[PDB]
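One structure is given here, and the rest of the page talks about it.
2 protein chains.
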Amino acid sequence: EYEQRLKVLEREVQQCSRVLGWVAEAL
Amino acid sequence: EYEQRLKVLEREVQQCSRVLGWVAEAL
């Protein structure tokens, strides 16, 4: 189960990085 | 034990990303 939860958390960190890069250099 | 320490380090990186995004686009 650690691979599933860790893939979910890495997806969340990737989404937060994309949103922060969006609010920084896309708005 | 690698899953435990790696989940802790990913949580720390997520918290640092949240704090840096806070100081950038929330202050």
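Protein sequence lines, in the order shown, are assigned to chains C and B.
Using the entry's author numbering, the first residue of the first sequence is number 1167, and each one after it goes up by one.
Using the entry's author numbering, the first residue of the second sequence is number 1167, and each one after it goes up by one.
For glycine and all other residues, C-beta sits at the position ideal for the given N, C-alpha and C.
Nearest-angstrom Cα separation, counted from residue j out to residue i
{"i": "C:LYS1173", "j": "C:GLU1167", "result": "10 Å"}
{"i": "B:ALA1192", "j": "B:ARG1171", "result": "30 Å"}
{"i": "C:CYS1182", "j": "B:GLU1178", "result": "14 Å"}
{"i": "B:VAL1189", "j": "C:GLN1180", "result": "19 Å"}
N-terminal and C-terminal residue of the alpha helix (DSSP H) that residue i is part of
{"i": "C:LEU1193", "result": "Careful: C:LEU1193 lies outside any alpha helix (DSSP H) and carries neither H nor E."}
CB-CB length for residue i against residue j, believed under 8 Å
{"i": "C:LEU1175", "j": "B:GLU1169", "result": "Not a contact, Cβ separation roughly 12 Å."}
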